[PDB]
Amino acid sequence: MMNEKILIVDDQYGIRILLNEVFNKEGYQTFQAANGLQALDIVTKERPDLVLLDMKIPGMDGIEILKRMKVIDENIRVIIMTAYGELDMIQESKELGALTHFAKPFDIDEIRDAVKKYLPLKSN
């Protein structure tokens, strides 16, 4: 057994696995969602130590989801992902108490730093 979990929501395009195989390589329990609520439940279900969700979402942007999510509790930790075009939102996410903000073009290696910086990860 291990000690690490992570959740992925939207932005799924073969990247979720990339980081998956990473956390999975350790035996960590990771899950995926296709919305906020679904992530809210899957959040506690897998009670991960980190969650990755992308704002850009079909049918009710995450602007609110991520909002209500954090507004719900200040202990919720989730990462946002979107091109550096809606800095406006990305900004708020900061004052919202978000972990950070990544741009479409992102590297896992980089995410391994924040994760390895926030969580007891072991990335090269």
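Our numbering is plain: 1 for the first residue shown, then up by one each step along the chain.
Per the header: solution NMR.
Every residue gets a Cβ built from N, Cα and C, even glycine.
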- request: Consult Swiss-Prot and report the residue, out of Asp10, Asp54, annotated as 4-aspartylphosphate.
  value: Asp54
Per DSSP, three-state class assigned to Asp10 (Mg(2+) binding site): coil
